[PDB]
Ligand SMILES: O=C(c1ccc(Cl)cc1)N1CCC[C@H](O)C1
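Just the one chain here, the form deposited without this ligand, laid out as structure tokens.
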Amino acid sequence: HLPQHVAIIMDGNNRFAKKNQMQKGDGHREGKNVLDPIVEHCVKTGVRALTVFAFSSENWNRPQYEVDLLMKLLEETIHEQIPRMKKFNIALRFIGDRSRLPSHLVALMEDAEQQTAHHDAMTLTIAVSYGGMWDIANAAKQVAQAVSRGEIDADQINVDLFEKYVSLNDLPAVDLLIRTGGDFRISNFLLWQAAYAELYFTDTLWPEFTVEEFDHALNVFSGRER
């Protein structure tokens, strides 16, 4: 059995830049291109959802030049992906705190989501200015606003009600979470959504990650591979 929803923490970009004696942020540039063969593998295999950790709540405290580079790379990625989403019938979504993002980038994100919302072969979600803690607290805020409008009785808040307010609630739960780069950490990613996820950790750095290893991780989840 194939995982219904795969999530990826794409770590090891800066380490790849130092190892291959590359320029500043070249690992992020090489890293952005690794996603296309994996997205195509997902749609051809039948994976219904893929969620990638592109920019965390914590990444806002990285050196400002890295933040600027990541915003430019996200803008470039969205433009490049829109025709690919249309070609492969993939719905493109974004999760995260949009208040912290550049206004023009939010406009581009809105366009991409709107133009691909009717696509149904797979859902590709890019987590931008995202953190599991932010997501959970935002869901708590929306539940409390509903209490304030008199729509919900606070005494009736439970797991089943709360789950409707967390990001990607209309998608299946994350059943496989991959982390490249060699670190054994969830790093504030999909905390709620990945509550029961199987985990796949690898020393392979993100710009070196292949479809063969991604497929191996899928087969480790199924039981096809050891």
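Don't overthink the numbering: it's just position in the shown sequence, from 1.
Which has the higher mean CA temperature factor in the PDB entry, 184-192 or 154-162? According to the PDB entry, the answer is 154-162.
Which is higher on average in the deposited entry, the C-alpha temperature factors of 129-137 or of 88-96? 88-96 has the higher mean C-alpha B-factor.
Splitting the chain's C-alpha B-factors into thirds, which one does residue 106 fall into? Within its chain, residue 106 is a middle-third residue by C-alpha B-factor, going by the deposited values.
Assigned third (lowest, middle, highest) for the C-alpha B factor of residue 22: For residue 22, the deposited C-alpha B-factor lands in the highest third.
How does residue 167 rank on Cα B-factor within its chain, lowest, middle or highest third? For residue 167, whose C-alpha B-factor we compare with every modelled residue in the chain, the answer is the lowest third.
Could you place residue 9 in the lowest, middle or highest third of its chain by Cα temperature factor, using the values in the record? Residue 9: CA B-factor falls in the lowest third of its chain.
So where's residue 149 on the chain's Cα temperature factor ranking, which third? Ranked within chain, residue 149 CA B lands in the highest tercile.
This next part talks about the form solved in complex with this ligand, which is not shown.
For the unliganded chain shown, is the site open or blocked after superimposing this ligand from its bound pose in the deposited bound form, using a cut-off of 2.4 Å to backbone and C-beta atoms and a threshold of 3 ligand atoms? Transferred pose: open.
Let me know the one among 166, 157, 173, 35 whose heavy atoms come within 4.5 Å of this ligand in the deposited bound form, would you? Only one option qualifies, and that one is 35.
Ok, 105, 139, 146, 73: which has a heavy atom sitting within 4.5 Å of this ligand in the deposited bound form? None of the other options qualify; the answer is 73.
Could you confirm whether residue 43 comes within 4.5 Å of this ligand in the deposited bound form, counting heavy atoms only? Because no heavy atom of residue 43 falls inside 4.5 Å of this ligand in the deposited bound form, the answer is no.
This ligand contact at residue 90 in the deposited bound form, heavy atom, 4.5 Å: Contact with this ligand, no.
In the deposited bound form, is there a heavy atom of this ligand that lies within 4.5 Å of any heavy atom of residue 218, even though the partner is absent here? No, residue 218 sits far enough from this ligand in the deposited bound form that none of its heavy atoms falls within 4.5 Å.
Heavy atom to heavy atom, is residue 206 within 4.5 Å of this ligand in the deposited bound form? So residue 206 counts as contacting this ligand.
Thinking of 10, 77 and 126 as the candidate spot, does this ligand come within 4.5 Å of a heavy atom on all of them in the deposited bound form? Checking in the deposited bound form: 10, 77 and 126 are all within 4.5 Å of this ligand.
Within 4.5 Å of this ligand in the deposited bound form, which residues of 80-118 have a heavy atom? Give them in sequence order, or say none. Stretch hits: a single one, 81.
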